[PDB]
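Going in written order, the chains are labelled A, B, C, D and E, and every chain counts its residues from 1.
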Amino acid sequence: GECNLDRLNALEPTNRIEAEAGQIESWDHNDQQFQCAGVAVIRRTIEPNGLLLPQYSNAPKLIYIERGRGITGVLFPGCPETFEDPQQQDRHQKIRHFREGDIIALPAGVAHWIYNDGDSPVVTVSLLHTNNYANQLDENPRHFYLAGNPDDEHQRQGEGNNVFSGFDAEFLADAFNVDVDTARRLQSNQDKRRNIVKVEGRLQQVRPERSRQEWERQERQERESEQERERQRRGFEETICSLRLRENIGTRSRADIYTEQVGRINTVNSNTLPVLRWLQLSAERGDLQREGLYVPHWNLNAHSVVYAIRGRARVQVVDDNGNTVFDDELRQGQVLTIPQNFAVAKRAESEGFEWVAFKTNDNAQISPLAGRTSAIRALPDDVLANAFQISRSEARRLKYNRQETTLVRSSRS
Amino acid sequence: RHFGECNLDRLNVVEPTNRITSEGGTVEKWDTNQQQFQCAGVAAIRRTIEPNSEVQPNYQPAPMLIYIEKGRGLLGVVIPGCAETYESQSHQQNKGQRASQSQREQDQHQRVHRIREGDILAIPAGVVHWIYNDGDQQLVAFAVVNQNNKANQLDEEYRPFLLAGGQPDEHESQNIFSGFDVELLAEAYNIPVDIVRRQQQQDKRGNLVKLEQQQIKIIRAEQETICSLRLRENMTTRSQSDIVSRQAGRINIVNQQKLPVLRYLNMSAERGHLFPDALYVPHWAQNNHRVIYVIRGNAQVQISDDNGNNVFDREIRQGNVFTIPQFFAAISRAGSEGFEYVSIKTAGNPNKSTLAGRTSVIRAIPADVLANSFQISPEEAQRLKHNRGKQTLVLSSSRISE
Amino acid sequence: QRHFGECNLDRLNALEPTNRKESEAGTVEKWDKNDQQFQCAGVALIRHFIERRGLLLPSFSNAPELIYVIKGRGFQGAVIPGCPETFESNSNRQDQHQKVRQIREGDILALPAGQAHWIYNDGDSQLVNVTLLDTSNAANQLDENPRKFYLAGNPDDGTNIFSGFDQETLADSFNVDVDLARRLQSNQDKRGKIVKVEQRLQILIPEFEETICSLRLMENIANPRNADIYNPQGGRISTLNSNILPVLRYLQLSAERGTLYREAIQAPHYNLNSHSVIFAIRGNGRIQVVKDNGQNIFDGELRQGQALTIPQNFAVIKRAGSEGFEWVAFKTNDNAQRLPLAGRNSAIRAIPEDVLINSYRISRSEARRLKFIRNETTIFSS
Amino acid sequence: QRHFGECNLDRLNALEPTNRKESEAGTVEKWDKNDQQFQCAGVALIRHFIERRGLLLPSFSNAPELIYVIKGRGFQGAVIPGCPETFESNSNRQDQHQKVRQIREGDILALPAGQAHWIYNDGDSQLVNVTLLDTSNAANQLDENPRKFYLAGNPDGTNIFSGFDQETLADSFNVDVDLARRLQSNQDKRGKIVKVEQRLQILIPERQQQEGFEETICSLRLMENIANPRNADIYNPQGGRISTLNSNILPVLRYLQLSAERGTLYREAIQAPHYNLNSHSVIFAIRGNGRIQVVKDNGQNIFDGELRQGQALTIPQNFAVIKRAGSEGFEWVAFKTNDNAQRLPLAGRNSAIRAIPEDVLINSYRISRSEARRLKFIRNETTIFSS
Amino acid sequence: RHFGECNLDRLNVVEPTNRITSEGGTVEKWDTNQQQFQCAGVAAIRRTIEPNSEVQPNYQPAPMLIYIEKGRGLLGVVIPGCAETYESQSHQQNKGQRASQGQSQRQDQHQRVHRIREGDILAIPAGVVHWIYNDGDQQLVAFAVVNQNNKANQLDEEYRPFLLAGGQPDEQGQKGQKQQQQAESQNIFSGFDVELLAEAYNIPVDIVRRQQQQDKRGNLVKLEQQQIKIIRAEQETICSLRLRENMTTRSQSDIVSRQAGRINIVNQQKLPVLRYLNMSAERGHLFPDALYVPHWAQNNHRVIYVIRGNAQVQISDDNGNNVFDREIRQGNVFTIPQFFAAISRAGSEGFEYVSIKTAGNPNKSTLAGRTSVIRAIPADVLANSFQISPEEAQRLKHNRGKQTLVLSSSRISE
């Protein structure tokens, strides 16, 4: 009975790992609310020139980039290395660039590294879906490092904590056909830098730096023009191995649902990012203005793990007995898990509210209770009338008075 | 509890839990309660079938893959609803019929497969199967059951249902017909009670029985769609291999892209041949647990977990069984006689990442990322990526020439 | 896919409702979801009795369900999230709502997890529903409890989903006066889950996300024109799976409708890939069930209104009494598959005589009789 | 899959547009859909020039299309049948429509057959589109003509409403006959691309208003940027970069059965000789120039020339092709006629020559072993070759 | 055409349209404009490769199934993007790289090769480069059917092989490469500029000149010496796809009639890549005087290749017209169009054949025997349909007993 939850709580990180060039914070995956939903949550902060060591996990990950910009190398076994220096010097797999607003999907068992090549910190919030079918190992989240000497993110031959440390140095030297001293160093037995390490100088790799700067400068200038106009208005390497793993759900200009002056919701799911079909996960990015109201709704086929990015919202959650199981302000940095089918509404405070919600299904569905497209509107007038002991005229008010779908201005509350 | 969640700091080679001596052979069971098997969600059975003996038909609610280690014989698997397309209708019944023939009015049965050394057999969950050793040597079958397969809606208890036979007594558990009322079964089959009485008899013979009566009226190929599903595949690396290193060995991956029904079992198998002192590159399986069965030779195997702990460091020999958990890293070095093994995995499309060699994830990482990650020079990083040259999964000794 | 249970069973029992909740215009009966037979199958079973003019108020559940209409007739409205309203009044003469379906005896209604629906009894007498709540379905991400989230009324005698919200949030959400928003919470409604409509119910009707809005949710399994198996002196069987009703491939559920004529036998068999939950509609039948080690775990009768669970791969046989026997069985997989053990298409018929000769120590003439003497399939004549 | 066409290709020419239709706010150019290479591919190619404040009127086509944004920026509104309007004004103090998307240089937009859309130039540069209309697609149950069904305006009345009686229109829309006749656009002489009054008002975040399966429909993504260097699939600092767009990047493409490729060759660099296994490739030259050779089944060269900006060339399925940029580099988009189009390189890493044992090459060409090893291994790059 | 729409009044056994004699063997082509092949939308090639000879690597835009009638050898098929996992890196190679303290980015490796043998069927995906090497005792004889109407072929109906090497045996102003290469079929490298290829491969022009030389040896060439340096097994994971399957009915059969014969059906449920080729094959062995039950194929055309013995075959169309009535002998080729009904009776020495089919999941309906559509019709429906007694209707349904596809003679005992 892991979802018999009489009260929900806004949850903050309970463990923090400090490393040489960043830190890692984890929420308590043993909290009944995370057990109910089958997930673990972690927040990684990478300083400029910081390198998150190559690693893989037993669970698929959806990473939201709250702040900063950088590069990530996802390691697809058997896929050709298509980024290479000119022949006469290095070759490696494709480099992906991430920025604030990006969602990154990492299948279980796929190794990756991440590097902050900007001037401000990278902050990434990750949902580990430990209850995922792809994880036949352990309900607890596990992290397998390929390099370095990490601390366990959910606690606080070789002596190090990466996988090479579990092998005899002689075995590794033989396998890699390298000197035994070099194989010993694979074990990172003397490394004091923990999970995120500092790069001296610039990280060298094959990537389109020059053209990328010309492209980002062009967009910044288009953002500038648009901002100004607005104030004036007053082989198989091409296919599987090229699989897209990121989508910018924060893009200012994109919306799946939008009420002018009120709010917007952007969603990523398998209809937009194909790999989510295999991860069985999705995400939404929500922004509410002052008085913006996300009307009462329920998630039909998913838990919704909400991470408050900034601002504040009064959130109400109701279970199957009509009990209010949450009625409080959700604050920046906190996580609220909304169990599948529970009804929820969110009303921003005067400063507004932004959130990202990770949903435990490939194409998570919601049903609004009020407004256009709502469950109430699908009901016959006379079903409403007899169900609530009201007239058919009052029933039509409940159905049509609110002409927006999903997001609307709330003046009373 | 902790073993179920693969919280093990120490894996061991798994020894058969019990031995049943039947009239026609011996059955050894690796039960689902061994800690390594709790982690992997599997059970195993080794059956040694004497010449001219058969196994008693049985079914179970989880799928399994069977490796024929030795001998030759005949396998029956029934597929409900499929027509019986193996038959021995004679000219004399043809002529008898036409000479005066309708509904009110010598054998027919479903297809039987010749099986031999090196075959892998796919038994879907719930399908009835039986085996006949018609050879002059012992037939040895090693089966791994995926107790955690989606197909098994019961639980992790290994639960075989017998159509015939029972637990042996001197060279409880009885067949399902014993639980039915005798007269009701007779009426259902429309047969004399005494035939049902013989079906329900306590059978002290066991799970495997001598074929006292001759068996040459079984229809055999060597005398449709779902019904046409192929169930056996020869795994010898010498006839088919995905990786071949001239001086190191061969690997043959039998997944759903070789044997279609493995898509639905969500199970696969690998056969490997390591020449003396060769290695299997360090690696981890991304979407499957593995049960390894050593068929020839010996090797040094090491396994590491997510905290850098060595969890396995053993010389394994012929007949040894051990588990490699999903996500754990493993490496193998064959002894000076080489090494041969079969690996049965809990995915129909298994995927692994290798760490050394031509297709490794290390070669996929920029050298300068490796340099900073391991605190080595870019030149040391370059050798990590490139010193193995062309070899990927099976690696020649870098130490002992030959 | 499915969530696991504990299927160590020694004795099955024929199960009747253990809890009964009375509403103004009907009764809801609950079988004991805690029973080990239901925990093994991973399901709960519910029966609704809806009086004339009675309305089962709108609700949804975290468990997918199959609803079998045992008797009567009426209307179902399923609320598809995001789909337009395609039933409407003639605007030059009011009402507008999503499509509604006539339902009647023999209908199976399939409802995905989280989908709201209501039911109205349009007939002259009782409308009786029997619902299978599949709590171990992959689509149920909560736990074994099959919850009912009511959009209206006060099932607990607020207690509908609107009861838990502040009236001011409700007023703003619907854009209505505060007194009208309070009525949503049904605080003083004492009528329960099933209520009498005023007069007659006024309704518009003619006189995975991949299925946007157009999917069939109902199909009749009792109609004899639909029979899959028929023997004039044995009975008839009709199966419902994704090859008949596409939505069942997403719900991972099947159903079978059985009629045995007097003294007829349903061949001994086992269910290869699912549990089977038997609900006796009428008549009576002797049933036998046998577990993995050959032990009989049920040797008794099933009568009207009783339920029996057959775990996956357990062997079962049924023989009707002298008036016959009718059931519906709900099966916990898409495309549930039976392996008969006797008769045509059976496992015994597929095994060579020579193997049976050695298995049972019978002669060839006895193995021939065993294989071939019952030349019927599945349903055996008396 | 596709309907078939004639592919007896003896000769290819670089192809430029042969028809042009001027509107008040732009220009629509059509390549010759009856030139043998487009008949063989089963495609038509079109280019729109949309001047500032120009509006490409709403229309749909029987052909699925891929639209590449050559230059500029604007908005696209695709009309998804049956889906609710999820963009709306704040009623608690007007407009309501389906979601619109900002589009810009390098965007590929995918449009299923039969689906209406409109495009607006929101910038000051001309907005330039190159559209592939896939007329042999299984989705096109008409014929090889890529038809445009206009919902408004007078593209030649000549929109869809023009052919209905106004009484039918009046009753259907429930409007007076004055407004119904307006639907027919009988007196409109502006063509297919028209100037909006002042600026176009539409709902979009931070732009406040003033004064072929359906199983994915409603939530589909329809656009992806293939020119952004940060999305490169292949990159060589002295060769260039390639980016492929297929159903592993954009799920709707699995139902359109189309792919695309965006290439940039640096000065003098080579795109390895190769062929496309499972599709035709329609190459449109975006900038610079490239030497290109195409070879057909019997070994005969059928094209030996240059491709300059604004020109298009079709490489039929399995014909071999090589490209070498000029001294200023070469940039192109290629539209490919299958889901998950795949290239088989003939030289370099991952190529057919490298997959073949040296011994076979020795006997194939009558070369010595040292020649064979150099043939296989001397070019160690993949796909894009540096200069 | 009347043939393309299968409005054929008479079908005949189809003889090879071309015979091409190369240095290393012979190539026989059944070309697409044969009337039977126009109906079925197929081409066929029979290749007989002399021992220690190889086919010149080639590819084509339509899928192909290849039956190995005699001999044994090695098959190569390239899958773009798959790593080359057959290699012979040597201990001396390894030692050298390590001990140098200098290995970095700045004796062979190739893709998987398959042992093929008599009785094998080979699946060649459209567009895949393939080559054959006969390293065995006897001539290797391969019979190939190419599905020109397959969805993978976006070109047209003319059979189109592209040669990486070899050619025809015999014992804005474009810049003139077409004029130059001429000096009636060449490999694709002859169509490219010499200097461009040299730059692209980074090799001296000399090697390119030899690649482009007109090779009068043909499609099959004798190898200098035995190719001992090829690595062989016996010396998304599409790279692991199986492309060969042995059809011998004695090793596997779906239908076995002790007294009549055997059928082995190799469809996508035995060889998974057939799902994507949408082709399949069947091998049958009929005992003397046995029959193949009257039947029709519901979803495929069939090309039949007679591998042993002989039989009489009859084919009927939708008019009740006999369109085929011939005695068929070893080596004969003939077509059964989709939906046409067909029956065969083996001669005195039996009959073996291979059938190549334009569906990965073939479906046929039989008219006589244990699984026939006739047994599925009510007896009184048969009685009124045929104007026969209910007694005769019963005999139609049950006189053939338990046999279904392969039927013993009802008139001659073994």
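Throughout what follows, a residue touches a chain if its C-beta (ideal position, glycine included) is under 8 Å from a C-beta of that chain, and two chains touch if they have at least 3 such contacts.
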Mutual neighbours - chains that touch chain A and chain D alike: C, E
Length of the line joining the C-alpha centres of chain B and chain D, rounded to whole Å: 50
Averaged-CA centre spacing for the pair chain C and chain A, given as whole angstrom: 39
Junction residues of chain C, two or more chains touched: 1, 82-83, 175, 208-209
Where chain E touches two or more other chains at once, by residue number: 79-84, 94, 97-98, 101, 104-105, 109, 202, 231, 237-239
Touching two or more other chains - residue numbers and ranges from chain A: 78, 80, 85, 87, 90-91, 177-179, 206, 235-240, 363, 373, 402, 408, 411
Chain-to-chain touches, reported pairwise for every pair that qualifies: A-B, A-C, A-D, A-E, B-C, B-E, C-D, D-E
Residue ranges of chain A touching chain E (in the complex, touch as defined): 78, 80, 85, 87-91, 177-179, 235-241
Touch list for chain D against partner chain E, complex: 1-2, 4-8, 13-14, 40, 42, 270, 272-273, 275-280, 291, 293, 295-306, 308, 316-318, 320, 322, 324, 337-338, 342-348, 350-367, 371, 374-375, 378-379, 385
For the chain E and chain B complex, residues of the former touching the latter: 83-95, 97-98, 101-105, 109, 112, 114-115, 231-235, 237-242, 249-259, 262, 265, 267-273, 361, 363, 370-371, 379, 391, 394-395, 397-405, 408-410, 413-414
Touching residues (chain side chain C, partner chain A) in the complex: 1, 55, 57-58, 60-62, 77, 79-83, 85, 94-98, 100, 112-116, 118, 120, 139-145, 147-153, 156, 158-166, 168-176, 178, 180, 183-186, 189, 195, 197-198, 201-204, 208-209
Residue ranges of chain B in contact with chain A within the complex: 5-7, 39, 41, 148, 279, 281-282, 284-289, 300, 302-311, 313, 325-327, 329, 331, 333, 346, 351-356, 359-370, 372-376, 378, 380, 382-384, 387-388, 395, 397-399
